[PDB]
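Before any questions on how it binds or moves, here is one chain, the form deposited in one PDB entry, in structure tokens.
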């Protein structure tokens, strides 16, 4: 059923940036100026949100200031794509104040990751328009060559180019999560050979829903969290956490019946994971929480904090094959 979608990105389009949380545009000026320059050189225009350059310690501004910033982008018909500068923690503060009506009356590509999950999922829940787990300006497009160019490839392939369906999501050949080269480059990140992991064999087809699991706990139960439906594919990712923290998040899903409903799980890589001396991988901890319940599971998916990043539409039908390690998007996410 033809069910409304944002317009594809085009060359020359204006991308609106906003800072719903951490004031990265103040604290990391070089990476920010670099990220801008990367996309401008590709041919896009950037429209700097009203909190760009601003500093309120752990945030860019008050809840009202940050809502006002995003709403001004949302109301702007000249903006085609709205992208967070970075995450943090405090995106969920904005949810009561977003102009959802405005967004529904002029759908745009909404993209970001990490803490922006609150907003991605909030907008999708209120408006039904799919949104995108993908690049945030500073971390993603501020990355030095070579990785930036793959992230950019995926960003273009999914939001600008036309794609016949089923659309296959190709595994990046290389990845990294090295904690270097933030503001200044000091050596080439290692180009590590990449793979996804077939943790539990099987196939599932269903609507993909998820994002950053830690952020989800900040919106769970509210009108801004979509209800997980029978047959959904759960997409989850965390970054720079430890084993205690993720066990809690996994058990949180378990005690909420999420794993009774989902047909399959896609787990992103865990940037800089701290296993607390256990040597356990995040999927092993999840598997203990799953207990005797068998669910097709594909891990170390490259849609998270690690580089490169894939752009994943949320709220659309996907097919995951955990045994052969494939993901295809089965329904249109843009027009």
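Residue numbers count along the first chain shown, from 1.
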| property | result |
| --- | --- |
| Between the two ranges 175 to 183 and 248 to 256, the one averaging a larger CA B factor in the entry | 175 to 183 |
| Of 86 to 94 and 217 to 225, the stretch whose C-alpha atoms average the higher B-factor in the entry | 86 to 94 |
| Criterion, highest CA B-factor; candidates, 58, 26, 273, 301 | 26 |
| Residue 50 - which third its CA temperature factor falls in, relative to the rest of the chain | highest |
| Among modelled residues of the same chain, the CA temperature factor third for residue 317 | middle |
| Within-chain third of residue 122 by Cα B-factor, per the entry | lowest |
| Residue 141 by Cα B-factor - lowest, middle or highest third of the modelled chain | middle |
| Residue 103 CA temperature factor, ranked by third within the chain | highest |
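As for the form deposited with a small molecule bound, it is not shown, yet the points below apply to it.
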property: Partner-facing stretch of 223 to 231, 87 to 95, 195 to 203, 103 to 111, counted where any non-hydrogen atom is within 4.5 angstroms of the small molecule in the deposited complex; result: 87 to 95
property: Joint contact, 154, 311 and 332 to the small molecule in the deposited complex, by non-hydrogen atom at 4.5 Å; result: no
property: Listed residue (280, 34, 305, 59) with a non-hydrogen atom within 4.5 angstroms of the small molecule in the deposited complex; result: 305
property: Partner-contacting position among 239, 71, 249, 80 - heavy atom within 4.5 Å of the small molecule in the deposited complex; result: 239
property: is_contact(residue 271, the small molecule) in the deposited complex, heavy atom dist at most 4.5 Å; result: yes
property: Heavy atom of residue 139 within 4.5 Å of the small molecule in the deposited complex; result: yes
property: Contact of residue 174 with the small molecule in the deposited complex (heavy atom, 4.5 Å); result: no
